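Two versions of one and the same chain are coming, encoded as structure tokens; call them structure 1 and structure 2.
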Structure 1
């Protein structure tokens, strides 16, 4: 049975995980960093070994992966970064808290956006404070006009994450390489939905815990052989 480990980063600075941090490159807060440290200790105590790591190009996930690699003394592992594992792009909502989002767009539209799998939020427009910060960021300079989102539905996010799973990660898993993925709520949602064949409604109901190793055991067809499991002490699991 292949082993696959996912880890979702924890808290970012300035409450930005509650502010549609999205493609804004928020760093971990001190608390989010401690979360990653605890997740790494849990992987260390459990003696996990990896052969290759995948992460996004967003520093909060990269720093999570660094903290884990440090904790488990495997800083020498190959690391692969990809925009395709980025957090969902929340468009014009990026950086707003819940109250400000409702104030701007009204409760009705907010409910529609919260429940919809395929309706995107408004695009991030040139007058958004993150517009040039994200869209002109050098790490996206190789993306084509059609690949760099101004905004994403959950469908959009999963659609651009899954090609990287199939094209880069699955081959590593099938060679027997032990994969660690440090990424974001919605990109990990895409992977989990593919793994478990979950429904749109289902995946929108799933809220992956942060800072906690998520262990999958896959059969020869990369199908889970049991439910996802979490690593940690008794209280946190």
Structure 2
């Protein structure tokens, strides 16, 4: 029955500095752009077609989608952007590199934050160097005070992604529309967890490849009939 394709964007400008990006609107790096080109070419070679695309409000996912649509000659497709598909919000860690994070927060907290499904990093406070840049960005002006995160656990990220999946994407799939979702590793983890009924342990061990189309075949109940395949 249904065919669904996911793609995770590749490397960003702040990956080049080993800095936590989260909601900071870092562009794709040159390598990340190349990855998006390769994924688009793989979809082209296999003859994939879509009817609607979903992405975040972060340019590294948007640019990945743009690159894929260019490659498959489907630049005319409707595109829907939502903050709900944004990368996980890395709170006060935003902008820090690994050494600054270890020095400021210590080895024990970092290990907990890294391995935990439901413990968030510290909040991004108003004196944070990127607070004005992110929390006062006008693209989030329509979020409620409670919807705008100061930080997110993976559980938090999944919890604000799945309402968009249920309310906006699932109805498209059930109408037979061929959906492409270009987003971020942690927002895509929420969709995979829901589709496959994966455990918290399993989803935290799932590292979706970047720039590689992830293909699902779904039955009438949107249940996968086979494991995810990589193009």
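Between two forms, the rigid core is defined as the largest C-alpha subset superposing within 1.5 Å. Numbering follows the first chain given and starts at 1.
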| query | Does residue 221 move its CA by 2 angstroms or more between structures 1 and 2 when the core is aligned? | reply | no
| field | Threshold 2 Å Cα movement between structures 1 and 2 for residue 17, core superposed | value | yes
| task | State the core-superposed CA shift for residue 114 between structures 1 and 2, in Å to one decimal. | result | 0.8
| field | Rigid-core-fitted C-alpha displacement of residue 130 between structures 1 and 2 (angstrom) | value | 1.1
